[PDB]
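Undergrad: mmCIF, C-alpha atoms, saved as final15.cif, coming up:
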```cif
data_entry
#
loop_
_atom_site.label_atom_id
_atom_site.label_comp_id
_atom_site.auth_asym_id
_atom_site.auth_seq_id
_atom_site.Cartn_x
_atom_site.Cartn_y
_atom_site.Cartn_z
CA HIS A 1 10.87 -31.67 -16.13
CA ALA A 2 8.06 -32.86 -18.42
CA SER A 3 5.66 -31.64 -15.70
CA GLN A 4 6.94 -28.09 -16.30
CA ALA A 5 5.92 -28.45 -19.93
CA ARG A 6 2.54 -29.99 -19.13
CA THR A 7 1.61 -27.37 -16.56
CA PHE A 8 2.81 -24.59 -18.80
CA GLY A 9 0.47 -25.93 -21.42
CA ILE A 10 -2.37 -25.87 -18.90
CA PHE A 11 -1.79 -22.22 -18.08
CA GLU A 12 -1.14 -21.25 -21.68
CA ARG A 13 -4.28 -22.70 -23.19
CA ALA A 14 -6.02 -21.32 -20.10
CA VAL A 15 -5.10 -17.65 -20.63
CA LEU A 16 -5.74 -18.11 -24.36
CA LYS A 17 -9.27 -19.30 -23.65
CA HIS A 18 -9.73 -16.50 -21.18
CA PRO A 19 -7.32 -13.62 -21.25
CA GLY A 20 -9.61 -11.53 -19.08
CA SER A 21 -8.89 -13.65 -16.01
CA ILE A 22 -6.22 -11.84 -14.00
CA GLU A 23 -5.99 -14.66 -11.49
CA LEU A 24 -4.93 -17.08 -14.24
CA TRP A 25 -2.14 -14.73 -15.18
CA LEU A 26 -1.08 -14.33 -11.59
CA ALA A 27 -1.13 -18.08 -10.92
CA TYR A 28 0.82 -18.75 -14.14
CA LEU A 29 3.40 -16.15 -13.14
CA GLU A 30 3.84 -17.73 -9.72
CA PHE A 31 4.35 -21.14 -11.25
CA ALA A 32 6.87 -19.76 -13.76
CA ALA A 33 8.71 -17.97 -10.95
CA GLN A 34 8.98 -21.06 -8.79
CA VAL A 35 10.45 -23.24 -11.56
CA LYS A 36 13.01 -20.45 -12.12
CA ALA A 37 11.89 -19.86 -15.71
CA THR A 38 12.79 -16.18 -15.54
CA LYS A 39 12.74 -15.56 -19.33
CA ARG A 40 9.34 -17.15 -19.60
CA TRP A 41 8.31 -15.17 -16.52
CA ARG A 42 9.27 -11.91 -18.23
CA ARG A 43 7.40 -12.86 -21.39
CA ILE A 44 4.25 -13.85 -19.45
CA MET A 45 4.51 -10.62 -17.51
CA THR A 46 4.74 -8.61 -20.72
CA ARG A 47 1.66 -10.29 -22.12
CA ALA A 48 -0.41 -9.94 -18.93
CA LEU A 49 0.44 -6.23 -18.44
CA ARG A 50 -0.12 -5.62 -22.10
CA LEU A 51 -3.61 -6.74 -21.86
CA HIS A 52 -4.14 -5.66 -18.24
CA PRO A 53 -2.24 -2.35 -17.96
CA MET A 54 -4.24 -0.99 -15.10
CA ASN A 55 -3.95 -4.02 -12.85
CA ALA A 56 -2.05 -3.13 -9.74
CA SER A 57 -1.27 -6.69 -8.80
CA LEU A 58 0.85 -7.10 -11.91
CA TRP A 59 2.75 -3.88 -11.57
CA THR A 60 3.39 -4.42 -7.85
CA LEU A 61 4.57 -7.91 -8.66
CA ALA A 62 7.15 -6.57 -11.08
CA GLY A 63 8.37 -3.65 -8.95
CA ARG A 64 8.55 -5.77 -5.84
CA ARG A 65 10.52 -8.43 -7.77
CA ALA A 66 13.05 -5.85 -8.91
CA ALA A 67 13.42 -4.59 -5.37
CA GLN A 68 13.81 -8.10 -4.02
CA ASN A 69 16.53 -8.64 -6.60
CA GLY A 70 18.19 -5.67 -4.99
CA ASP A 71 17.93 -2.62 -7.26
CA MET A 72 15.53 -0.11 -5.87
CA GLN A 73 16.09 1.88 -9.10
CA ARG A 74 14.04 -0.43 -11.28
CA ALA A 75 11.65 -1.01 -8.41
CA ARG A 76 10.90 2.68 -8.29
CA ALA A 77 10.92 2.72 -12.09
CA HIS A 78 8.16 0.13 -12.46
CA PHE A 79 6.09 1.54 -9.69
CA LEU A 80 6.16 5.05 -11.15
CA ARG A 81 5.25 3.82 -14.63
CA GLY A 82 2.45 1.82 -13.17
CA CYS A 83 1.16 4.70 -11.07
CA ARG A 84 0.85 6.62 -14.31
CA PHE A 85 -1.41 3.76 -15.38
CA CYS A 86 -3.17 2.66 -12.18
CA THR A 87 -5.04 5.76 -11.25
CA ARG A 88 -8.71 4.81 -10.44
CA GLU A 89 -7.68 2.61 -7.50
CA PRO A 90 -5.34 3.26 -4.55
CA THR A 91 -3.78 -0.17 -4.71
CA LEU A 92 -0.62 0.43 -6.76
CA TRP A 93 0.17 3.67 -4.85
CA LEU A 94 -0.25 1.98 -1.47
CA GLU A 95 2.07 -0.78 -2.62
CA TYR A 96 4.69 1.69 -3.83
CA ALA A 97 4.55 3.53 -0.50
CA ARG A 98 4.94 0.20 1.23
CA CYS A 99 7.85 -0.83 -0.94
CA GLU A 100 9.46 2.48 -0.13
CA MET A 101 9.04 2.14 3.68
CA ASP A 102 10.41 -1.38 3.28
CA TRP A 103 13.54 -0.02 1.70
CA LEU A 104 13.90 2.37 4.65
CA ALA A 105 13.54 -0.61 6.91
CA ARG A 106 16.51 -2.27 5.14
CA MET A 107 18.57 0.96 5.21
CA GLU A 108 17.95 1.33 8.94
CA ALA A 109 18.85 -2.34 9.45
CA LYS A 110 22.16 -1.80 7.67
CA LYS A 111 22.84 1.30 9.84
CA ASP A 112 15.09 -9.10 -22.07
CA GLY A 113 11.55 -10.44 -22.15
CA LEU A 114 10.04 -7.76 -19.84
CA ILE A 115 8.29 -5.01 -21.80
CA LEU A 116 6.13 -2.62 -19.82
CA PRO A 117 3.26 -0.55 -21.19
CA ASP A 118 4.32 2.81 -22.62
CA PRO A 119 2.59 5.64 -20.69
CA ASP A 120 3.43 8.03 -23.52
CA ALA A 121 1.28 6.16 -25.94
CA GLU A 122 -1.61 7.72 -27.74
CA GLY A 123 -4.98 6.10 -28.41
CA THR A 124 -6.98 6.39 -31.61
CA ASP A 125 -8.04 10.03 -30.92
CA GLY A 126 -4.84 11.55 -29.49
CA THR A 127 -5.63 10.78 -25.85
CA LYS A 128 -2.76 9.51 -23.74
CA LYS A 129 -3.14 6.00 -22.28
CA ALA A 130 -1.51 7.12 -19.02
CA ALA A 131 -1.45 10.13 -16.67
CA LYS A 132 1.45 12.62 -16.76
CA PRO A 133 4.54 11.35 -14.92
CA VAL A 134 4.04 11.12 -11.12
CA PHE A 135 7.02 13.34 -10.43
CA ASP A 136 8.53 16.18 -12.40
CA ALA A 137 12.23 15.88 -13.38
CA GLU A 138 13.03 18.62 -10.91
CA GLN A 139 10.89 16.98 -8.29
CA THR A 140 12.55 13.56 -8.75
CA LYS A 141 15.97 15.22 -8.45
CA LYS A 142 14.96 16.94 -5.18
CA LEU A 143 13.75 13.60 -3.81
CA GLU A 144 16.96 11.80 -4.86
CA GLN A 145 19.15 14.38 -3.14
CA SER A 146 16.87 14.07 -0.14
CA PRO A 147 18.28 12.16 2.90
CA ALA A 148 17.29 8.47 2.84
CA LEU A 149 16.03 8.19 6.40
CA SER A 150 13.86 11.26 6.02
CA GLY A 151 10.92 9.45 4.45
CA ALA A 152 10.42 12.29 2.02
CA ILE A 153 9.48 9.91 -0.79
CA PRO A 154 6.54 8.07 0.82
CA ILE A 155 5.22 11.43 1.94
CA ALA A 156 5.63 12.66 -1.64
CA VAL A 157 3.75 9.61 -2.90
CA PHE A 158 0.98 10.46 -0.49
CA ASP A 159 0.77 14.14 -1.56
CA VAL A 160 0.74 13.37 -5.30
CA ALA A 161 -1.80 10.67 -4.69
CA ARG A 162 -3.92 13.48 -3.42
CA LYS A 163 -4.14 14.66 -7.11
CA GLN A 164 -5.26 11.25 -8.39
CA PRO A 165 -8.88 10.27 -9.18
CA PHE A 166 -8.94 7.67 -6.40
CA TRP A 167 -8.14 10.24 -3.77
CA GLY A 168 -10.73 10.24 -0.98
CA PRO A 169 -11.00 9.68 2.77
CA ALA A 170 -10.97 5.86 2.31
CA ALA A 171 -7.75 5.97 0.22
CA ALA A 172 -6.13 8.25 2.77
CA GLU A 173 -7.02 5.86 5.56
CA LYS A 174 -5.46 3.03 3.53
CA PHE A 175 -2.16 5.02 3.41
CA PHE A 176 -2.41 5.55 7.16
CA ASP A 177 -2.73 1.80 7.43
CA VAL A 178 0.24 1.03 5.16
CA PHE A 179 2.31 3.42 7.27
CA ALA A 180 0.82 2.33 10.61
CA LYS A 181 2.93 -0.79 10.45
CA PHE A 182 6.61 0.32 10.17
CA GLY A 183 6.18 1.76 13.72
CA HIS A 184 9.83 0.97 14.40
CA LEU A 185 11.22 3.69 12.08
CA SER A 186 12.19 7.26 12.90
CA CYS A 187 10.26 8.86 10.07
CA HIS A 188 6.94 7.16 10.86
CA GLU A 189 5.95 9.74 13.44
CA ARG A 190 6.33 12.64 11.06
CA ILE A 191 4.68 10.60 8.27
CA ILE A 192 1.67 9.42 10.26
CA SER A 193 1.23 12.93 11.61
CA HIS A 194 1.23 14.28 8.08
CA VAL A 195 -1.40 11.77 7.00
CA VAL A 196 -3.72 12.25 9.99
CA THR A 197 -3.44 16.03 9.76
CA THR A 198 -4.11 16.03 6.05
CA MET A 199 -7.11 13.86 6.52
CA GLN A 200 -8.31 16.18 9.26
CA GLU A 201 -7.86 19.21 7.09
CA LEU A 202 -9.60 17.80 4.04
CA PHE A 203 -12.15 15.40 5.51
CA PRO A 204 -12.86 17.02 8.85
CA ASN A 205 -15.58 14.83 10.26
CA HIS A 206 -15.38 11.60 8.31
CA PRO A 207 -15.46 8.30 10.18
CA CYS A 208 -12.17 7.47 8.43
CA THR A 209 -10.43 10.60 9.74
CA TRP A 210 -11.83 9.80 13.12
CA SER A 211 -10.46 6.29 12.67
CA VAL A 212 -6.95 7.40 12.04
CA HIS A 213 -7.24 9.97 14.80
CA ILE A 214 -8.26 7.34 17.42
CA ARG A 215 -5.73 4.87 16.20
CA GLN A 216 -2.83 7.31 15.90
CA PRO A 217 -1.46 7.26 19.46
CA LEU A 218 -0.70 3.55 19.45
CA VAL A 219 1.53 3.39 16.45
CA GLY A 220 5.03 3.60 17.79
CA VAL A 221 4.20 1.77 20.99
CA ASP A 222 4.51 -1.83 22.17
CA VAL A 223 3.37 -3.77 25.20
CA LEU A 224 4.44 -3.88 27.85
CA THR A 225 5.82 -0.39 28.12
CA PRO A 226 4.29 2.28 30.27
CA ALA A 227 3.66 4.30 27.06
CA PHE A 228 1.00 1.79 25.97
CA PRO A 229 -1.56 2.31 28.67
CA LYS A 230 -1.19 6.10 28.42
CA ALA A 231 -1.70 5.92 24.66
CA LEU A 232 -4.63 3.61 25.09
CA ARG A 233 -6.29 6.15 27.39
CA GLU A 234 -5.61 8.87 24.81
CA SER A 235 -7.00 6.70 22.04
CA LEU A 236 -10.10 5.98 24.06
CA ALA A 237 -10.56 9.66 24.80
CA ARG A 238 -10.47 10.26 21.08
CA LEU A 239 -12.99 7.47 20.68
CA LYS A 240 -15.46 8.92 23.17
CA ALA A 241 -15.13 12.28 21.48
CA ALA A 242 -15.79 10.54 18.18
CA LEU A 243 -18.93 8.84 19.35
CA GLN A 244 -20.29 12.13 20.61
CA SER A 245 -19.46 14.07 17.40
CA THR A 246 -21.93 14.60 14.60
CA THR A 247 -20.63 11.70 12.53
CA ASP A 248 -21.64 8.38 10.96
CA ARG A 249 -21.74 6.33 14.14
CA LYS A 250 -22.33 3.06 12.29
CA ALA A 251 -19.23 3.20 10.05
CA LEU A 252 -17.10 4.44 12.89
CA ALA A 253 -18.33 1.70 15.20
CA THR A 254 -17.51 -0.90 12.57
CA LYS A 255 -13.96 0.28 12.03
CA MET A 256 -13.41 0.73 15.77
CA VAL A 257 -14.73 -2.72 16.67
CA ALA A 258 -12.33 -4.21 14.18
CA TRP A 259 -9.54 -2.15 15.74
CA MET A 260 -10.33 -3.31 19.29
CA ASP A 261 -10.63 -6.90 18.15
CA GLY A 262 -7.14 -6.49 16.76
CA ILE A 263 -5.97 -5.15 20.13
CA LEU A 264 -7.64 -7.86 22.22
CA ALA A 265 -6.01 -10.32 19.80
CA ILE A 266 -2.60 -9.49 21.24
CA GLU A 267 -1.02 -11.73 23.91
CA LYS A 268 -0.12 -10.65 27.48
CA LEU A 269 -2.68 -7.84 27.52
CA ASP A 270 -3.57 -6.51 30.98
CA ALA A 271 -6.72 -7.98 32.54
CA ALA A 272 -8.37 -4.66 33.55
CA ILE A 273 -7.51 -3.35 30.05
CA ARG A 274 -9.09 -6.42 28.43
CA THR A 275 -12.22 -5.94 30.50
CA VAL A 276 -12.58 -2.22 29.88
CA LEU A 277 -11.93 -2.69 26.14
CA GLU A 278 -14.49 -5.50 25.93
CA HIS A 279 -17.05 -3.34 27.73
CA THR A 280 -16.25 -0.48 25.41
CA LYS A 281 -16.79 -2.81 22.39
CA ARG A 282 -19.98 -4.33 23.78
CA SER A 283 -21.18 -0.72 23.97
CA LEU A 284 -20.90 -0.73 20.18
#
```
I need this file expressed as structure tokens, please.

TA:
Amino acid sequence: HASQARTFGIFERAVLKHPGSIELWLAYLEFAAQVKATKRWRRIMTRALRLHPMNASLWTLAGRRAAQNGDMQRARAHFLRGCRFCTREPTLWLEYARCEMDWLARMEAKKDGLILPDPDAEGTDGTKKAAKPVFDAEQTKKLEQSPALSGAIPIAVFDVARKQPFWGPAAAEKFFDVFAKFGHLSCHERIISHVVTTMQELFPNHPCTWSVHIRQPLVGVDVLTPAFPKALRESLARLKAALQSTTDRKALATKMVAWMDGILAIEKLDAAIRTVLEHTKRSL
């Protein structure tokens, strides 16, 4: 028990020496969480977010804790507040989308020390510290009434993210990636399609859009299932077409090599498939 005290002192004097260090805060929070000091955890969270309001890691940590405790209401609450704050970096938005798909995963399976930064706070000159709320009152109501297994919310998160400063092809591809797991859910097809299309419409020839376009056919699929080789052939067709397009070949080749490495990583992959993929990679 005395060790709790000692360690706490270590962290405390540590973040006092250097409050800029986010990692210290994170590490301290983890320690507090493991010794089940929840009150202290809330207080440390309040202090860290107070002085690091735009750090995604903190916000995600909070929202994800509320969801793991079981109420998706606060989860959503924290994440939305935070997204008003965290707006120069995709991170918090990606993590909210993820948290949301995770909830769908649980729904398909079934079938106070904490003070968060006020978004409606003004600075010295009148400027708001946080962007306007992510969803209008009307909009939130339409999403609440929306069917749970529709996946209307993560899509909504994606579309509103489109209005944020961090919006670009790279951010979009990160959403595709968040969503590209969760292949086992009904909504993912519609969602992924939305994302790839959108990217195609807005960033027509970007190596990222090409990325998601090549990678798209293999999202629902597993091996072995006859759908996998067909999809692989489709994917490869997309890849050839990509290498012949007027596009950054270097960036594309990098992403695509990583992708194939990921594929070759899998166990019980067909021999001829391994060979042809390796040749295809060696080409890059």

Undergrad: Translate the PyMOL selection byres ((chain A and resi 29-38) around 10), as applied to the file shown, into an explicit residue set as a list in words.

TA: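 For this structure, the PyMOL selection byres ((chain A and resi 29-38) around 10) resolves to residues 1, 4, 7, 8, 11, 23, 24, 25, 26, 27, 28, 39, 40, 41, 42, 43, 44, 45, 48, 58, 61, 112, 113 and 114 of chain A.
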
Undergrad: I need the residues from that last selection saved to file as a compact mmCIF listing (two decimals), keeping the file's coordinate frame (with C-alpha atoms), if you can.

TA:
```txt
# COMPACT_ATOMS: atom_id res chain seq x y z
CA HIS A 1 10.87 -31.67 -16.13
CA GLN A 4 6.94 -28.09 -16.30
CA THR A 7 1.61 -27.37 -16.56
CA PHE A 8 2.81 -24.59 -18.80
CA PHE A 11 -1.79 -22.22 -18.08
CA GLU A 23 -5.99 -14.66 -11.49
CA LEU A 24 -4.93 -17.08 -14.24
CA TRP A 25 -2.14 -14.73 -15.18
CA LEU A 26 -1.08 -14.33 -11.59
CA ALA A 27 -1.13 -18.08 -10.92
CA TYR A 28 0.82 -18.75 -14.14
CA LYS A 39 12.74 -15.56 -19.33
CA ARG A 40 9.34 -17.15 -19.60
CA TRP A 41 8.31 -15.17 -16.52
CA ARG A 42 9.27 -11.91 -18.23
CA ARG A 43 7.40 -12.86 -21.39
CA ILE A 44 4.25 -13.85 -19.45
CA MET A 45 4.51 -10.62 -17.51
CA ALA A 48 -0.41 -9.94 -18.93
CA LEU A 58 0.85 -7.10 -11.91
CA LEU A 61 4.57 -7.91 -8.66
CA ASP A 112 15.09 -9.10 -22.07
CA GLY A 113 11.55 -10.44 -22.15
CA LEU A 114 10.04 -7.76 -19.84
```

Undergrad: Assuming the chain letters and numbering stay as they are in my file, what does the PyMOL selection byres ((chain A and resi 55) around 12) actually select? List them as a count of residues only.

TA: 35

Undergrad: Give me the result of the PyMOL selection byres ((chain A and resi 221) around 12) on this file, residue by residue, as a PyMOL selection string.

TA: chain A and resi 180-185+188-189+215-220+222-232

Undergrad: Between A:151, A:3, A:133, A:103, which residue has the minimum interatomic distance to residue 72 (chain A), considering only C-alpha atoms?

TA: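 Closest to residue 72 (chain A), using only C-alpha atoms: A:103.
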
Undergrad: To one decimal in Å, tell me the separation between CA of residue 97 (chain A) and CA of residue 247 (chain A).

TA: 29.5 Å

Undergrad: Please determine, counting all atoms listed in the file, which residue among A:152, A:214, A:256, A:160 has the shortest atom-to-atom distance to residue 241 (chain A).

TA: A:214

Undergrad: Please, what distance in Å, to one decimal, runs between CA of residue 150 (chain A) and CA of residue 213 (chain A)?

TA: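 Taking CA of residue 150 (chain A) as the start and CA of residue 213 (chain A) as the end point, the length is 22.9 Å.
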
Undergrad: Find the distance between CA of residue 284 (chain A) and CA of residue 264 (chain A) and write it in Å to one decimal.

TA: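 Between these atoms lies a distance of 15.2 Å.
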